[PDB]
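Everything on this sheet refers to the single structure shown next.
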Amino acid sequence: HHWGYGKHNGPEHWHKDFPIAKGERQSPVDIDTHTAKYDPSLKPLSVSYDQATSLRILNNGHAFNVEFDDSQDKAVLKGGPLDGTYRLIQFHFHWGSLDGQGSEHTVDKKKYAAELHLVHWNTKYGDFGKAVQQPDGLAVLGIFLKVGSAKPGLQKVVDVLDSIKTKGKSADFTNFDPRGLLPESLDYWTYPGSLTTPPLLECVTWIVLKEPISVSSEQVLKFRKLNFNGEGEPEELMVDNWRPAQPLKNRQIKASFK
Ligand SMILES: Cc1cc(=O)[nH]c(SCC(=O)c2ccc(S(N)(=O)=O)c(Cl)c2)n1
Ligand SMILES: [Zn+2]
């Protein structure tokens, strides 16, 4: 009876195994755009993904992860609100059963169809598993997806999903360029938070881009053909793998713009 996204093991249950679920800096949150503080001293975000080395794509039973070689400074995030260099380790998405929901962060209570998370770890801690035990260990770049025109840079991911339909499947996934998933503008909101899945550790500097990317209805439909179950088990479609907004508590969301 481990955690997941159903009636009996979904987000409202997680606090029984992971008490930090009711902690002081949990994510996601609703981003109230009117009360976000413009911080004229936040720097432009630096996204250096030219040398990125994707390796594999994996269905972990909660989402799919596209994994990167993080054993050197190839694909790094820095600047923005960050005081350190953070290496890309993986990205993944959260999405809905319907276009009207799917994102984890919300903007003035608006849900997007999905949300991309590019997970990076602070190089001062040497690897991901040590970084998540630190309050400044991770930087997650969050990007909203709306349904409209296709995202051509997404299509290589969508086309491999049928090879990783069920939990524990993986596939070689080399030479994927994550620059093809970024919107034009790097304007962002930022606040201190957590992983949005168990173990819900409070180790994340969130950086959420204001500009969503567009994906087509057919691209997101393909995400909804994945399965939470393993091969040979009863089919449970991988939809609605998002945690709802959590109390902001004693936190201020900062904006890099306007
Ligand atoms: C904290 C931890 C330690 C570990 O050894 N393995 C894992 S697997 C979960 C994981 O890496 C992860 C999942 C979701 C997120 S999210 N939705 O971007 O906040 C992150 Cl940052 C990380 N997590
Ligand atoms: Zn995530």
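We're sticking with Swiss-Prot numbering for chain A, so the shown stretch reads 3-260, in order.
Per the header of the entry, the method used was X-ray crystallography, 1.5 Å.
Cβ coordinates are placed from backbone N, Cα and C, and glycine is handled just like the others.
Feature annotations, courtesy of Swiss-Prot:
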{"type": "DOMAIN", "residues": "3-259", "note": "domain 'Alpha-carbonic anhydrase'"}
{"type": "SITE", "residues": "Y7", "note": "site 'Fine-tunes the proton-transfer properties of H-64'"}
{"type": "SITE", "residues": "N62", "note": "site 'Fine-tunes the proton-transfer properties of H-64'"}
{"type": "ACT_SITE", "residues": "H64", "note": "active site, proton donor/acceptor"}
{"type": "SITE", "residues": "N67", "note": "site 'Fine-tunes the proton-transfer properties of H-64'"}
{"type": "BINDING", "residues": "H94, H96, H119", "note": "Zn(2+) binding site"}
{"type": "MOD_RES", "residues": "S165", "note": "phosphoserine"}
{"type": "MOD_RES", "residues": "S172", "note": "phosphoserine"}
{"type": "BINDING", "residues": "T198, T199", "note": "substrate binding site"}
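Here the Cβ of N62 (site 'Fine-tunes the proton-transfer properties of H-64') has 16 other Cβ atoms within 10 Å, regardless of which shown protein chain they belong to. Of the chain residues outside the Zn(2+) site list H94, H96, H119, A65, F93, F95, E106, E117, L118, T198 have their Cβ within 8 Å of the site's Cβ mean position.
Between the CA atoms of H64 (active site, proton donor/acceptor) and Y7 (site 'Fine-tunes the proton-transfer properties of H-64') there is a gap of 8 Å, rounded to the nearest whole number. Across the structure, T198 (substrate binding site) and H96 (Zn(2+) binding site) are spaced 10 Å apart at their Cα atoms.
In sequence order, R58, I59, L60, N61, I166 are the residues of the chain that are 6 or more apart from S172 (phosphoserine) and have a CB within less than 8 Å of its CB. Proximity of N67 (site 'Fine-tunes the proton-transfer properties of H-64') to non-local residues of its own chain (separation of 6 or more, Cβ distance below 8 Å) is seen for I59, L60, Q92, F93, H94, given in sequence order.
Residue pair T199 (substrate binding site) / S165 (phosphoserine) shows a Cα separation of 24 Å.
When the recorded positions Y7, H64, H119, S165, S172, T198 are checked against ligand 2, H119, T198 have a Cβ within less than 6 Å of one of its atoms.
Neighbour counts of Cβ atoms within 10 Å were compared across the recorded positions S165, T198, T199; the minimum falls on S165. Neighbour density for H119 (Zn(2+) binding site): within 10 A of its CB lie 24 other CB atoms from the protein chains shown. Of the candidate recorded positions, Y7, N62, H96, the one lying closest to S165 (phosphoserine) when CA atoms are compared is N62. For the recorded positions shown (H64, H94, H96), fewest C-beta neighbours within 10 angstroms: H64.
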